[PDB]
Structure formats: structure tokens, C-alpha cells
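Student: I have a structure here, written as C-alpha cells, and I will follow up with some questions on it.
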Amino acid sequence: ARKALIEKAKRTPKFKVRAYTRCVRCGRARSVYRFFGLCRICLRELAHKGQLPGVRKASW
Amino acid sequence: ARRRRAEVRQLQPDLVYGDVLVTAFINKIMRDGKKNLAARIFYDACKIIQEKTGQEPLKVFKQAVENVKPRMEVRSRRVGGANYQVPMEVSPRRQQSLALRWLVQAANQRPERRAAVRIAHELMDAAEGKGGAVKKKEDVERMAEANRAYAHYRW
Amino acid sequence: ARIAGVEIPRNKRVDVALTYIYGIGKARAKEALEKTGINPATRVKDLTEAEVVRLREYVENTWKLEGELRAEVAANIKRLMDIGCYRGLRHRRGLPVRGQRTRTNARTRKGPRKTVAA
Amino acid sequence: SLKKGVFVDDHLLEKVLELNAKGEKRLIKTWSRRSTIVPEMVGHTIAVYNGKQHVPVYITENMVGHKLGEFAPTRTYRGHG
Amino acid sequence: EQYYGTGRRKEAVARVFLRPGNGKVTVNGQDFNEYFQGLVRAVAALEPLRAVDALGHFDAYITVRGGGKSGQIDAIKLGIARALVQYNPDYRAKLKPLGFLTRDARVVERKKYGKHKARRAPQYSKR
Amino acid sequence: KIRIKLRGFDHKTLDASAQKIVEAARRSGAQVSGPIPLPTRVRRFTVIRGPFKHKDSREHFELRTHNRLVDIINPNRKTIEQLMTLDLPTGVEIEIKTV
Amino acid sequence: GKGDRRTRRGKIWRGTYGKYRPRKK
RNA sequence: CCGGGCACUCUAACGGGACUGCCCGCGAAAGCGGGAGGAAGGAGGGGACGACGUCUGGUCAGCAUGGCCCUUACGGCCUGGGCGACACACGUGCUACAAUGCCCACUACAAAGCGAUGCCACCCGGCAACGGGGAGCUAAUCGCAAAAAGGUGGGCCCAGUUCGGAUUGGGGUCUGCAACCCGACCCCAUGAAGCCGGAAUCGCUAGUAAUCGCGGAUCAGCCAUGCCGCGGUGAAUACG
Ligand SMILES: [Mg+2]
Ligand SMILES: [Mg+2]
Ligand SMILES: [Mg+2]
Ligand SMILES: [Mg+2]
Ligand SMILES: [Mg+2]
Ligand SMILES: [Mg+2]
Ligand SMILES: [Mg+2]
Ligand SMILES: [Mg+2]
Ligand SMILES: [Mg+2]
Ligand SMILES: [Mg+2]
Ligand SMILES: [Mg+2]
Ligand SMILES: [Mg+2]
Ligand SMILES: [Mg+2]
Ligand SMILES: [Mg+2]
Ligand SMILES: [Mg+2]
Ligand SMILES: [Mg+2]
Ligand SMILES: [Mg+2]
Ligand SMILES: [Mg+2]
Ligand SMILES: [Mg+2]
Ligand SMILES: [Mg+2]
Ligand SMILES: [Mg+2]
Ligand SMILES: [Mg+2]
Ligand SMILES: [Mg+2]
Ligand SMILES: [Zn+2]
């Protein structure tokens with residue numbers, strides 16, 4: 001996303017309903033995992049390099 | 001079935017009458033996976049073959065099944081020139097299933113409001129011969145009668 | 001026999017036949033049945049011309065019914081229209097009044113589809 | 001709905017309550033369509049905003065519980081062909 | 001003093017206790033025909049009994065959990081199957097050809113991304 | 001009456017960890033009832049595999065919290081001091097209480 | 001069926017509770 | 001529930017275990033059939049895994065990034081609106097058209113996940129949504145929780161109906177600064193189209209397809225019938 005936008009996300013005050021979570025890697029507003037604070041593309045990205053602790057691709 | 005000869009699904013025999021051809025029938029009454037409902041229907045039907053008729057309901061069943069077993073049918077085949085309609089004999093396995101199918105379909109068409117009463121009469125009528133499910137069996141054999149001309153194109 | 005307006009139900013059940021009255025059903029029905037202490041499982045065919053007037057007098061008097069009821073709902077909407085309000089426009093134009101989506105099927109409130117070219 | 005509630009923005013609620021006891025009543029533009037209307041709003045002319053422009057709306061007693069944005073619609077239509 | 005077997009079908013697990021008696025069967029502190037009342041296939045739960053000829057020779061105390069009533073029933077079946085093969089394990093002779101000695105490895109297949117039920121796939125479009 | 005709750009994201013380390021504490025108690029003191037695995041709590045993340053739009057074709061990952069419990073009945077102060085400074089964990093977590 | 005919120009089955013479907021699907025156990 | 005034991009079930013780590021390795025048949029071997037094994041075979045069932053490349057495939061709106069382009073704005077803040085528009089047209093779906101079905105009552109049997117900025121037992125208030133109160137749980141230890149179909153009992157009696165619940169009227173609950181545009185939910189009233197769907201057309205070969213419920217992610221709340229998953233019951237049919 002844009003800069004003024006990736007900022008305003010963090011300026012959280014004024015009517016706490018407005019705070020929306022955002023990716024702390026991207027700026028990406030959509031599909032941001034509460035847990036990691038990452039967006040879905042970055043979670044796939046970091047998890048692949050191993051840089052996500054105890055996070056391994058599953059199967060069954 | 002490109003590689004295989006496609007082996008036959010083999011059924012666990014009935015609990016009460018102790019019979020495969022029943023369970024195989026039971027299945028065909030089963031709508032959306034409820035086996036309970038199916039036998040609790042079929043069984044409630046044999047109840048109806050009883051107080052109503054003085055026979056022994058399994059024995060009728062084996063009969064109504066044999067009465068509804070189509071002896072020959074007509075399958076399509078593709079030849080030089082047009083696509084045809086050729087008479088051939090039904091396999092043992094097939095008459096089995098064909099019979100089983102028609103019984104239920106015809107049965108469910110009879111107007112009677114409860115279900116088990118429909119299988120009751122249809123299994124009765126079929127056995128006694130006048131069944132609407134037998135009408136179908138005949139109508140098929142006739143088709144293979146009328147096409148006896150094309151009887152030399154069979155495999 | 002007949003309850004408010006004309007509205008004669010019959011045979012069936014008493015609790016069921018009561019639904020056939022406009023303004024009434026299910027809840028409002030099983031309500032007036034123990035409020036007149038009348039058996040609901042019974043059939044309107046037979047019952048004491050007493051518990052018939054018991055049963056009529058209650059309902060007709062308790063809450064408002066088919067004649068004056070419909071007349072009220074008519075008047076609510078007239079009010080909602082012509083006041084100029086947005087609920088009222090979607091009554092005026094025959095389009096769905098509470099949210100929903102008109103890009104595709106509104107059909108119940110829109111009538112049957114009337115097609116055109118591309 | 002609300003109930004322990006009945007929310008009305010106080011921007012205009014001032015100028016409304018004020019135009020009751022001032023002695024004067026005249027034309028007031030607001031952006032608050034989220035608010036509810038009346039009782040002391042009645043007789044008063046209010047200009048709501050649809051996203052496009054401020055729209056005059058005359059206020060009467062049967063407009064009571066209704067939000068202000070009801071009488072100022074947000075779109076333009078006039079049919080298709 | 002008593003005889004035991006283990007069996008499970010499809011997430012339901014069965015603990016089976018067998019001591020000789022009249023032929024009473026108990027299922028999780030219950031009479032068999034109360035707990036399983038109204039279920040058609042109930043009696044096939046103890047097949048190897050009549051297939052071993054032991055009729056009212058054994059009583060049964062059985063605990064069972066997991067899965068569902070009607071697949072629990074093929075679970076208990078393996079209990080009686082491995083219990084009756086405990087007392088005089090010549091009963092393997094005719095038990096296994098009847099099939100009563102195998103576990104049904106058939107379980108719910110999972111789901112796959114992009115599919116719908118795990119085989120069933122969403123309707124095709126083309127247009 | 002004194003109990004240890006063990007957690008960690010890798011069971012290759014988590015096992016080899018509780019196994020040291022077993023002999024840092026058994027050998028060094030009073031009884032400790034053997035390592036019991038508590039069931040594993042699984043956070044799972046299923047996600048669309050590409051950046052743009054292919055909704056079918058997701059990759060998924062999971063994060064395993066594995067729990068392992070060991071109970072201690074009778075305190076010896078060589079146990080405790082072993083259970084104080086003799087610590088050799090890394091990505092494991094440890095907890096103790098007197099209840 | 002599953003769409004009538006005035007019944008047990010309806011409520012269950014929608015996942016709600018009320019006069020027709022009281023919360024009790 | 002207490003003592004007690006963990007033996008069983010299980011929980012979860014480590015191994016074992018089938019390799020056409022054995023017998024007969026075939027065969028030149030590889031392999032194929034067939035039998036006895038065994039819990040399991042002929043790669044046991046299911047994942048994860050995608051060759052050189054193709055589609056100048058997709059994405060400059062995740063990100064990165066060469067080039068081009070705007071600079072009191074092509075940047076930046078806000079309030080309000082729109083993305084939710086409706087003569088229509090298509091894709092994917094949900095709920096149905098009922099009696100193997102609907103309703104009410106009682107009665108059972110799962111799995112996987114979530115939760116101490118939350119999940120909330122239990123008592124009261126309320127028809128109810130929900131609201132007061134208020135205990136336990138950093139959680140195999142308390143809670144979400146009722147699984148549902150099933151079972152039993154009774155009712156409806158073939159009717160556009162105790163089918164079906166779309167539309168609309170009035171009354172409210174909750175979140176939220178705020179629900180006109182645009183929320184979800186409860187109740188009373190309303191009860192529409194629909195009596196298995198033209199040409200055409202999709203999925204599925206087994207614990208599958210049907211069908212039945214349950215959980216999570218996002219998330220204040222929710223337009224989720226979606227999506228990723230979990231188990232319950234459980235068919236049909238392959239000549240070729
Ligand atoms: Mg938000
Ligand atoms: Mg977000
Ligand atoms: Mg709209
Ligand atoms: Mg297991
Ligand atoms: Mg899709
Ligand atoms: Mg399933
Ligand atoms: Mg497509
Ligand atoms: Mg209904
Ligand atoms: Mg063998
Ligand atoms: Mg091979
Ligand atoms: Mg490979
Ligand atoms: Mg860019
Ligand atoms: Mg801008
Ligand atoms: Mg704005
Ligand atoms: Mg959109
Ligand atoms: Mg849908
Ligand atoms: Mg009609
Ligand atoms: Mg709105
Ligand atoms: Mg009809
Ligand atoms: Mg259709
Ligand atoms: Mg296949
Ligand atoms: Mg949510
Ligand atoms: Mg759901
Ligand atoms: Zn990101």
C-alpha cells in the first residue's frame with residue numbers, strides 16, 4: 001500500500017473501531033494473520049526460509 | 001474400465017433373512033445413506049406380505065425378482081454407416097441389478113401414501129405377475145424382439 | 001363457524017384452522033387455546049357453540065384482524081411513501097425495501113423478468 | 001436499533017435547540033445523516049448532504065424516529081431506456 | 001476368570017470383557033438392547049459367537065467410545081473376535097475365513113484444497 | 001507435589017530436554033514420575049499459494065506446541081540447585097509450581 | 001426445513017437459539 | 001467420587017512390520033495370475049512433492065524493480081457518499097417443491113480445533129435475542145458443547161398443505177463514535193415463487209457419491225449459503 005496509508009494504520013487513535021490490522025512487512029491490508037502480523041504472502045515467504053520458528057509445511 | 005475387468009462389489013448378507021439379494025435390494029431403497037430407514041421399510045413391508053397374504057415373504061421376493069429379470073435387452077452399437085440398436089442377452093449380474101432397480105422405481109410410483117405399503121404390493125403384484133415393474137421387464141424384451149433383424153450385429 | 005370478518009375455517013384441527021385467519025397463526029393460536037382453555041387437538045367441525053363464541057369473542061377482541069389490520073399496514077406504507085422517505089421510495093417504485101441487492105434477483109418484489117437486448 | 005441510545009449528533013443539536021429559544025428559525029446545512037430527527041427539529045428547514053450536495057428538507061411530525069439521511073437519497077436514477 | 005479383545009472401526013474404539021454366563025451383554029453400563037435399541041444392524045456386532053457356536057456360553061461387559069453407534073458396532077465385533085480367539089486359540093481356524101479377524105482400515109478421506117468434499121469437485125463452467 | 005510443565009516447538013529438542021531433568025532428579029534425589037506427553041495443540045495456517053489469484057492451490061503449514069509433563073514428589077536441595085543453575089535448554093520453555 | 005428460523009432445524013442451521021431452539025442441557 | 005493401580009483406552013515420541021521376501025502355475029529373465037500369511041499386500045489407502053519447456057499465460061494494486069509521467073498535486077488530512085446502483089444477461093451456490101417427508105417431546109454415539117485484552121459453566125430476569133450477577137480454566141485438569149442425521153413416543157393425512165419460508169408490517173436485542181444509505185440476531189404479524197425443471201449440462205469408482213452436523217482462519221460486528229478442515233451414517237455401478 002501507499003506510505004501515508006501504511007502510517008495511518010499505526011496512528012491508531014480516534015474511534016478505536018478504525019484500527020485495522022496491516023502487514024508489518026508489506027503494508028498489505030488484506031489477509032493479515034493475527035498471530036504473525038504478517039500478510040498471507042509473507043507468511044508463505046518467511047516460513048519457506050525457515051525464519052518462522054517451529055513453522056513447517058504440513059501434510060496428511 | 002480400460003485396464004481392468006472391473007470386479008464386483010461383494011455384499012454382506014442380511015441379518016434377519018440372512019441373504020445377500022436382500023441387502024442388495026435394501027440399498028436401492030436407501031435415499032441419501034440411511035440404511036436404518038431402508039430396512040425398517042423393507043422389513044415393515046414383509047410384515048405386510050404377512051397379515052395380508054398367507055405366503056412367506058422372502059419366498060415371494062425371490063419370485064418377484066425372477067419375474068422382473070429381463071431375459072434380453074437392446075444396446076446401442078456404432079458401425080460403418082449409422083449408430084444401431086442391437087438385441088443381446090442380459091448378463092446374470094445385470095438382470096440382478098435391472099430387476100432390483102425396476103422394483104423400487106415402479107414401487108415408488110404406486111399411489112399408496114406410506115412407503116412400505118408400496119413395496120408390499122409391488123413385490124406382491126410383481127410376484128403374482130401383474131406388477132408395473134414387470135411391465136417394464138416385458139417392454140424391454142419386446143424391444144429386443146422387434147429388433148431381431150439387427151440380431152447379427154452383436155458382440 | 002366464522003371468526004372475525006367472514007373467514008370460516010373447518011374440519012382440520014382447531015389450532016391449525018385458526019392460522020387461516022389473517023393476523024393469526026402458530027403462536028397467537030396456541031395462545032388463545034389455553035386462554036379460553038379449549039382443546040387445540042380438537043377439530044373445528046365439532047365443538048360447543050359455546051366454546052365457539054368463547055373462542056371467537058376472544059380473538060376478535062384481543063388483537064386486530066383481517067379487515068382493520070390490512071387497512072393499517074396499507075396506511076403505514078402510504079405514510080412511508082409521500083413523507084418522501086427512502087423506505088417510501090422503494091415502496092413507490094416497487095423495489096426491495098430493506099437492503100438486499102437489485103443487480104440480480106429481486107424477483108419476488110420485481111415481478112417476472114422482462115428481458116431486452118445486449 | 002438502539003434504546004438506551006437514540007443517538008443524534010451534537011453539531012446541529014446545538015443550532016436546533018438554539019433555534020427554538022432564540023425566537024428565530026432558518027436554513028441549516030449539516031453532514032449528519034446518522035442522527036435521528038425531532039421533536040424540536042420540526043418546523044425547521046435542514047439541508048442534508050448526499051455525498052454530492054446539501055439538500056433542503058422540510059421537517060414534520062411524522063418524520064419522527066427517522067434518520068436525516070432518509071429524506072436525502074444518495075444516488076441518481078430515472079430508469080434505464 | 002475372564003477373556004478380552006480389542007477392536008476399532010473408524011475412530012470408535014471397543015474394550016470387550018468376556019466371562020462365561022447366560023449370554024447377557026452389557027455395553028457401557030447398559031443392556032445391549034437398550035443402548036443399541038432401534039438399530040437394525042446391532043446383532044451383527046457379535047457375529048463370531050454363533051459362528052463359534054458359543055451361544056449363551058459367555059456374558060459380556062463392554063466399554064466403547066469414539067466414532068458412532070453403527071461403526072462402533074463393527075468395532076465390538078473385533079473384540080468378540082479377538083476375545084473368542086483368546087480362550088482356546090484354535091478358533092482362528094474358522095474365524096478369519098469369515099473375515100472377523102481384520103480391522104477395517106477404511107476411514108474418512110480428508111478434504112483437498114480446491115475440491116469440495118475431498119473427491120467431489122466444483123461444477124465445470126466453460127462459459 | 002512439585003510439577004514441571006514443558007513446552008517447545010521442536011520435539012527433537014523437547015524430548016532430549018525433559019530426559020536430562022529425569023536424571024537431574026532421579027540420580028540426584030527423590031522420586032520423579034516418568035515423562036508424560038500431553039497432547040499436542042496445533043495452530044494451523046492454510047494459505048493461497050500465489051500472490052494474485054489462484055484460489056484453488058493453497059499451501060498449508062502448521063505450528064506445533066508439544067506439551068510434556070513430569071511430576072516431583074519429595075524435594076532434595078541437590079535436585080533444586082541442579083534445577084536452578086544446571087539448566088541446559090534453548091528453544092524449550094519450563095515452568096514449576098508447589099501445588 | 002433448514003431455512004425456517006421459526007423451527008428447531010432452522011435455528012440449528014443458522015446456528016442460533018430462541019423460543020424454537022432454547023439453550024438447555 | 002475416595003483409596004488404590006495404569007493393566008486397558010488413550011496421549012505422544014521411538015522402533016517394528018512385507019519386501020512378490022514363501023508355494024504351485026506361466027515365463028528366457030522383468031513381470032503377470034493364483035494360494036497360504038497376516039492388521040495390512042503386489043506402490044495397503046491419503047497427502048506433500050510438479051522434468052526441459054509452453055501458453056510474448058497471471059500479477060508494476062503484496063513486495064521488489066529499469067523506463068515514462070504529476071509536485072500547492074496524479075501527493076497529503078478529513079467529513080459525507082460510492083464500491084451494496086437495476087430493463088436485463090451469465091457463472092458458482094444455498095433453501096425447496098415434501099409422507100424414505102414436516103413438527104413437537106424425550107433419548108443416545110464423534111472428531112478436530114479454538115479460548116484468562118478471551119471462552120463463560122451455574123442462578124436470576126426475560127417468550128426470546130440478550131441482560132444482570134457470577135465460579136473454573138495460562139487449560140487432556142475449566143469453557144465453547146447442543147453434535148446432527150439416528151432412536152423412541154406421539155402429531156400432521158396428500159392439501160400450494162403443520163410442505164416451502166421469499167416479501168412486507170410493527171416490536172425489540174447486541175456490537176459499534178455511529179447501523180438512512182448498507183449490519184447480524186429475537187419475537188408477533190405476513191406468507192410469494194415453487195407440485196423436479198427447454199435445448200443443454202456437472203461431479204463422483206468406496207469409506208467415494210449422496211446426506212448430516214461440528215470447528216477454525218479473517219473478525220468489533222457481519223451480509224459465511226463462501227473458504228480451509230473434522231468426524232456420523234453410508235449406496236449404486238463398470239459389459240466394454
Ligand atoms: Mg476493522
Ligand atoms: Mg486485516
Ligand atoms: Mg443494495
Ligand atoms: Mg487415533
Ligand atoms: Mg472455488
Ligand atoms: Mg464427510
Ligand atoms: Mg474456473
Ligand atoms: Mg415449516
Ligand atoms: Mg490370503
Ligand atoms: Mg509392480
Ligand atoms: Mg516423487
Ligand atoms: Mg509497485
Ligand atoms: Mg489520493
Ligand atoms: Mg472517507
Ligand atoms: Mg465487490
Ligand atoms: Mg451461496
Ligand atoms: Mg402456483
Ligand atoms: Mg445501509
Ligand atoms: Mg404435493
Ligand atoms: Mg435444476
Ligand atoms: Mg479415479
Ligand atoms: Mg467471525
Ligand atoms: Mg459454518
Ligand atoms: Zn506481507
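Labeling convention for the C-alpha cells: chains A, B, ... as they appear, residues from 1 per chain, ligands from 1 in order of appearance.
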Taking only C-alpha atoms (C1' of nucleotides) and all ligand atoms into account, which residues are within 8 Å of ligand 6, as JSON, numbers by chain?
Tutor: {"E": [108, 109, 110, 117], "H": [231]}
Student: Could you tell me, as a PyMOL selection string, which residues of chain D DSSP assigns to alpha helix (DSSP H) when given the backbone?
Tutor: chain D and resi 10-20
Student: Could you please take those selected residues and save N, CA, C and O atoms as a CSV table (one decimal), in the first residue's frame?
Tutor:
```csv
chain,number,residue,atom,x,y,z
D,10,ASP,N,-24.3,16.2,17.9
D,10,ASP,CA,-24.5,17.4,18.7
D,10,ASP,C,-24.1,18.7,18.0
D,10,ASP,O,-24.4,19.8,18.5
D,11,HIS,N,-23.4,18.5,16.9
D,11,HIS,CA,-23.1,19.7,16.0
D,11,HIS,C,-24.3,20.5,15.7
D,11,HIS,O,-24.3,21.7,16.0
D,12,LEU,N,-25.3,19.9,15.2
D,12,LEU,CA,-26.6,20.6,14.8
D,12,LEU,C,-27.5,20.7,16.0
D,12,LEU,O,-28.2,21.7,16.2
D,13,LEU,N,-27.5,19.7,16.9
D,13,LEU,CA,-28.4,19.6,18.0
D,13,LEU,C,-28.3,20.9,18.9
D,13,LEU,O,-29.2,21.3,19.5
D,14,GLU,N,-27.1,21.5,18.9
D,14,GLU,CA,-26.9,22.9,19.3
D,14,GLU,C,-27.9,23.8,18.6
D,14,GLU,O,-28.9,24.3,19.1
D,15,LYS,N,-27.6,24.0,17.3
D,15,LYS,CA,-28.3,25.0,16.5
D,15,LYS,C,-29.8,24.8,16.4
D,15,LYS,O,-30.5,25.7,16.1
D,16,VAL,N,-30.2,23.5,16.6
D,16,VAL,CA,-31.6,23.2,16.7
D,16,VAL,C,-32.2,23.7,18.0
D,16,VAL,O,-33.2,24.5,18.0
D,17,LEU,N,-31.6,23.3,19.1
D,17,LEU,CA,-32.1,23.7,20.4
D,17,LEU,C,-32.0,25.2,20.6
D,17,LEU,O,-32.8,25.8,21.3
D,18,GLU,N,-31.0,25.8,19.9
D,18,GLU,CA,-30.8,27.2,19.8
D,18,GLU,C,-31.9,27.9,19.0
D,18,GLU,O,-32.2,29.1,19.3
D,19,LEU,N,-32.4,27.3,18.0
D,19,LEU,CA,-33.3,28.0,17.1
D,19,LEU,C,-34.8,27.8,17.6
D,19,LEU,O,-35.7,28.5,17.1
D,20,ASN,N,-34.9,27.0,18.7
D,20,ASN,CA,-36.1,27.0,19.4
D,20,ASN,C,-36.2,28.2,20.3
D,20,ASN,O,-36.9,29.2,20.0
```
Student: Tell me the residues of chain A close to chain H, meaning within 8 Å using only C-alpha atoms (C1' of nucleotides), as a ChimeraX atom specification.
Tutor: /A:1,4,15,17,26-28,31-33,39,41,58-60
Student: Take the selection from the previous step and output its residues with N, CA and C atoms, as a PDB file, in the first residue's frame.
Tutor:
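After the write, again.pdb holds the following:
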```pdb
ATOM      1  N   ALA A   1       0.820  -1.220   0.000  1.00  0.00           N
ATOM      2  CA  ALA A   1       0.000   0.000   0.000  1.00  0.00           C
ATOM      3  C   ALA A   1       0.851   1.266   0.000  1.00  0.00           C
ATOM      4  N   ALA A   4       1.427   7.048   3.224  1.00  0.00           N
ATOM      5  CA  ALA A   4       0.507   7.698   4.138  1.00  0.00           C
ATOM      6  C   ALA A   4      -0.490   6.699   4.696  1.00  0.00           C
ATOM      7  N   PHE A  15     -11.467   6.910  17.713  1.00  0.00           N
ATOM      8  CA  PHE A  15     -12.516   5.904  17.473  1.00  0.00           C
ATOM      9  C   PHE A  15     -11.947   4.535  17.224  1.00  0.00           C
ATOM     10  N   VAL A  17     -12.685   1.659  16.712  1.00  0.00           N
ATOM     11  CA  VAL A  17     -13.177   0.839  15.588  1.00  0.00           C
ATOM     12  C   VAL A  17     -12.284   0.924  14.314  1.00  0.00           C
ATOM     13  N   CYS A  26       4.958  -6.011   4.324  1.00  0.00           N
ATOM     14  CA  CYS A  26       4.332  -5.313   3.172  1.00  0.00           C
ATOM     15  C   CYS A  26       3.822  -3.912   3.267  1.00  0.00           C
ATOM     16  N   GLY A  27       2.883  -3.745   4.189  1.00  0.00           N
ATOM     17  CA  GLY A  27       1.912  -2.665   4.140  1.00  0.00           C
ATOM     18  C   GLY A  27       0.542  -3.185   3.740  1.00  0.00           C
ATOM     19  N   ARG A  28       0.503  -4.483   3.462  1.00  0.00           N
ATOM     20  CA  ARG A  28      -0.643  -5.145   2.862  1.00  0.00           C
ATOM     21  C   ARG A  28      -1.810  -5.200   3.844  1.00  0.00           C
ATOM     22  N   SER A  31      -5.809  -9.940   4.322  1.00  0.00           N
ATOM     23  CA  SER A  31      -5.335 -11.270   4.732  1.00  0.00           C
ATOM     24  C   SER A  31      -4.051 -11.269   5.589  1.00  0.00           C
ATOM     25  N   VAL A  32      -4.184 -10.661   6.780  1.00  0.00           N
ATOM     26  CA  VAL A  32      -3.098 -10.480   7.751  1.00  0.00           C
ATOM     27  C   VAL A  32      -3.352 -11.297   8.979  1.00  0.00           C
ATOM     28  N   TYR A  33      -2.512 -12.291   9.162  1.00  0.00           N
ATOM     29  CA  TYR A  33      -2.689 -13.247  10.233  1.00  0.00           C
ATOM     30  C   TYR A  33      -2.412 -12.631  11.590  1.00  0.00           C
ATOM     31  N   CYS A  39       1.050 -10.501   6.439  1.00  0.00           N
ATOM     32  CA  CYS A  39       0.086 -10.884   5.395  1.00  0.00           C
ATOM     33  C   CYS A  39       0.416 -12.261   4.842  1.00  0.00           C
ATOM     34  N   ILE A  41       1.161 -13.534   1.990  1.00  0.00           N
ATOM     35  CA  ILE A  41       2.221 -13.789   1.029  1.00  0.00           C
ATOM     36  C   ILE A  41       3.550 -13.926   1.765  1.00  0.00           C
ATOM     37  N   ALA A  58       2.777 -28.507   6.523  1.00  0.00           N
ATOM     38  CA  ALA A  58       2.074 -29.717   6.921  1.00  0.00           C
ATOM     39  C   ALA A  58       1.728 -30.628   5.742  1.00  0.00           C
ATOM     40  N   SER A  59       1.166 -31.788   6.059  1.00  0.00           N
ATOM     41  CA  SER A  59       0.551 -32.685   5.091  1.00  0.00           C
ATOM     42  C   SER A  59      -0.030 -33.897   5.822  1.00  0.00           C
ATOM     43  N   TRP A  60      -1.064 -34.500   5.234  1.00  0.00           N
ATOM     44  CA  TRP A  60      -1.771 -35.607   5.859  1.00  0.00           C
ATOM     45  C   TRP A  60      -2.866 -36.168   4.966  1.00  0.00           C
TER      46      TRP A  60
END
```
Student: Name each residue within 12 Å of ligand 10, counting only C-alpha atoms (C1' of nucleotides) and all ligand atoms, as a count of residues only.
Tutor: 8
Student: Could you give me the residues within 7 Å of ligand 2, counting only C-alpha atoms (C1' of nucleotides) and all ligand atoms, as a PyMOL selection string?
Tutor: chain A and resi 20-22+29-32
Student: Export, as a PDB file, in the first residue's frame, the selected residues with N, CA, C and O atoms.
Tutor:
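The resulting file, selection_36.pdb, is reproduced below:
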```
ATOM      1  N   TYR A  20      -7.242  -0.948  11.855  1.00  0.00           N
ATOM      2  CA  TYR A  20      -7.324  -2.169  11.104  1.00  0.00           C
ATOM      3  C   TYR A  20      -5.948  -2.757  11.109  1.00  0.00           C
ATOM      4  O   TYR A  20      -4.977  -2.031  10.977  1.00  0.00           O
ATOM      5  N   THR A  21      -5.835  -4.066  11.255  1.00  0.00           N
ATOM      6  CA  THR A  21      -4.513  -4.674  11.109  1.00  0.00           C
ATOM      7  C   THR A  21      -3.975  -4.620   9.653  1.00  0.00           C
ATOM      8  O   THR A  21      -4.730  -4.641   8.660  1.00  0.00           O
ATOM      9  N   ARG A  22      -2.648  -4.553   9.570  1.00  0.00           N
ATOM     10  CA  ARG A  22      -1.883  -4.379   8.344  1.00  0.00           C
ATOM     11  C   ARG A  22      -0.596  -5.208   8.474  1.00  0.00           C
ATOM     12  O   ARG A  22      -0.154  -5.500   9.589  1.00  0.00           O
ATOM     13  N   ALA A  29      -2.965  -4.645   3.476  1.00  0.00           N
ATOM     14  CA  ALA A  29      -4.105  -4.635   4.421  1.00  0.00           C
ATOM     15  C   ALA A  29      -4.851  -5.968   4.472  1.00  0.00           C
ATOM     16  O   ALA A  29      -5.369  -6.355   5.505  1.00  0.00           O
ATOM     17  N   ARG A  30      -4.893  -6.666   3.343  1.00  0.00           N
ATOM     18  CA  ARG A  30      -5.777  -7.813   3.177  1.00  0.00           C
ATOM     19  C   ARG A  30      -5.083  -9.095   3.601  1.00  0.00           C
ATOM     20  O   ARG A  30      -3.924  -9.311   3.269  1.00  0.00           O
ATOM     21  N   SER A  31      -5.809  -9.940   4.322  1.00  0.00           N
ATOM     22  CA  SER A  31      -5.335 -11.270   4.732  1.00  0.00           C
ATOM     23  C   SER A  31      -4.051 -11.269   5.589  1.00  0.00           C
ATOM     24  O   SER A  31      -3.006 -11.845   5.199  1.00  0.00           O
ATOM     25  N   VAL A  32      -4.184 -10.661   6.780  1.00  0.00           N
ATOM     26  CA  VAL A  32      -3.098 -10.480   7.751  1.00  0.00           C
ATOM     27  C   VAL A  32      -3.352 -11.297   8.979  1.00  0.00           C
ATOM     28  O   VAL A  32      -4.273 -11.034   9.747  1.00  0.00           O
TER      29      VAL A  32
END
```
Student: Using only C-alpha atoms (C1' of nucleotides) and all ligand atoms, which protein or nucleic acid residues are at most 10 Å from ligand 5, as a PDB file with C-alpha atoms (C1' of nucleotides), in the first residue's frame?
Tutor:
```
ATOM      1  CA  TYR E 113      -7.983 -27.591  -1.308  1.00  0.00           C
ATOM      2  CA  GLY E 114      -9.761 -26.693  -4.494  1.00  0.00           C
ATOM      3  CA  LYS E 115     -12.140 -29.627  -4.149  1.00  0.00           C
ATOM      4  CA  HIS E 116     -15.271 -29.595  -2.079  1.00  0.00           C
ATOM      5  CA  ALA E 121     -15.109 -31.162  -7.350  1.00  0.00           C
ATOM      6  CA  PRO E 122     -16.919 -27.900  -8.055  1.00  0.00           C
ATOM      7  CA  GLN E 123     -19.069 -27.651 -11.213  1.00  0.00           C
TER       8      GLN E 123
ATOM      9  CA  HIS F  54      -5.476 -18.786  -7.951  1.00  0.00           C
ATOM     10  CA  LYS F  55      -7.871 -19.685  -5.223  1.00  0.00           C
ATOM     11  CA  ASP F  56      -7.509 -23.400  -5.663  1.00  0.00           C
TER      12      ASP F  56
ATOM     13  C1'   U H  92     -20.721 -20.697  -8.684  1.00  0.00           C
ATOM     14  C1'   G H 226     -18.082 -18.791   0.951  1.00  0.00           C
ATOM     15  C1'   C H 227     -13.373 -20.998   2.021  1.00  0.00           C
TER      16        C H 227
END
```
Student: Which neighbours of residue 107 (chain B) fall inside 9 Å, counting only C-alpha atoms (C1' of nucleotides), when residues of the same chain fewer than 5 positions from it are skipped, and could you give them as a list in words?
Tutor: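 These residues fall inside the cut-off: residues 102, 115, 118, 119, 120, 121, 122, 123, 131, 132 and 133 of chain B.
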Student: Would you mind listing the residues within 9 Å of ligand 23, counting only C-alpha atoms (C1' of nucleotides) and all ligand atoms, as a VMD selection string?
Tutor: (chain G and resid 13 to 15) or (chain H and resid 214 to 215 224)
Student: Chain G near ligand 8 within 8 Å: what's each residue's closest atom pair and its distance in Å to one decimal, counting only C-alpha atoms and all ligand atoms, ordered by chain then ascending residue number, as JSON lines?
Tutor:
```
{"residue": "G:1", "atom": "CA", "partner": "ligand 8", "partner_atom_place_in_ligand_line": "1 (Mg)", "distance": 6.3}
{"residue": "G:4", "atom": "CA", "partner": "ligand 8", "partner_atom_place_in_ligand_line": "1 (Mg)", "distance": 6.2}
{"residue": "G:6", "atom": "CA", "partner": "ligand 8", "partner_atom_place_in_ligand_line": "1 (Mg)", "distance": 7.6}
{"residue": "G:7", "atom": "CA", "partner": "ligand 8", "partner_atom_place_in_ligand_line": "1 (Mg)", "distance": 7.0}
```
Student: Take the residues that were just selected and, keeping N, CA and C atoms, output them as a compact mmCIF listing (two decimals), in the first residue's frame.
Tutor:
```
# COMPACT_ATOMS: atom_id res chain seq x y z
N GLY G 1 -37.99 -26.77 6.83
CA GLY G 1 -36.59 -27.14 6.66
C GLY G 1 -35.60 -26.06 7.08
N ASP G 4 -36.29 -22.24 7.84
CA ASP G 4 -37.34 -21.60 8.64
C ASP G 4 -36.84 -21.32 10.05
N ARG G 6 -38.21 -20.19 12.41
CA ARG G 6 -39.26 -20.44 13.37
C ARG G 6 -39.31 -21.92 13.76
N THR G 7 -38.30 -22.68 13.34
CA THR G 7 -38.21 -24.06 13.81
C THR G 7 -36.84 -24.45 14.38
```
Student: Determine which residues of chain A DSSP labels as strand (DSSP E or B) from the backbone of this structure, then write them out as an MDAnalysis selection string.
Tutor: chainID A and resid 32 39 55:57
